[PDB]
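So this first bit is one chain, no partners, the form deposited in one PDB entry, shown in structure tokens.
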């Protein structure tokens, strides 16, 4: 009779009966399942009471909305959105359904990958970001835990970035651009830094800029790339300027030392690709956005250009719990 059924997977998933054989894959928590109507495997993500606070509410709502503003194979697209609750007063949970993938990009980064695989992943990450930029969306918080891959090397970005306080048991900040670390103005190529942080981790198999807080993180950036030029300092607020100028200076190691040929593959082809990879890196991991490569110029770097012309409820302010609940509920039921 009822359209939904419930299964305990530490959380309770109450889902439509078309979705069967639920099992955990990652932590909103996400299950894999078989969709009997579409005859294919899907992923299901549960948002529990996303209206419970402004952080969860703002992200749930904008990401629900922004779905309909994007249609790109490298960007998440939803197959289904539902709530088992029957009315606004009873509304609690949102379920989101998408194509089931094979792995998270974190897992992929731990593997040795040939240049064909690495360069195609990056090409796709750059297409996605370019498509987001075309639709007036600048991510600013791209990181591998929110990117998923299929065995055929195809990739999808699952989130839409920054618009705080978290009352729960943490956010990953290591892929954020200096503009974000230091609170500067930004433009599209803020997202290139993140790609470069991913690319470099693919090579080194270690997070490039770890740290407890932005303090450590910035140390790691300067120690490795050197202190930026005065033209960069002038773009900083006077208070963060004082902070940055008074940190110990650093000459900054060259990129051959940062990514030596030992981390790259036996053939002239691989020798040439390694130098092209290092080159792209050195253009992406550039502290000053004025001298950092753009999405378009990156897409035509020789490392990347081997992979196609075909491949070219607005954001709201602060609301209360009850208003967010209604905004989100309405979106779920168009």
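Positions refer to the first chain, counted from 1. Here the rigid core means the biggest group of C-alpha atoms that line up within 1.5 Å when the two forms are laid on top of each other.
FYI, the form deposited in another entry isn't displayed, but the following is about it.
Just one residue from the list 216, 245, 90, 116 crosses the 2 Å line for C-alpha shift between the shown form and the other one on a rigid core fit, and it is 90. Fitting the two forms on the rigid core leaves the C-alpha of residue 36 displaced by at least 2 angstroms between the shown form and the other one.
Residue 278 shows a C-alpha shift below 2 Å between the shown form and the other one [criterion: core-superposed Cα displacement of 2 Å]. Put the two forms on the same core and the Cα of residue 298 is off by less than 2 Å between the shown form and the other one.
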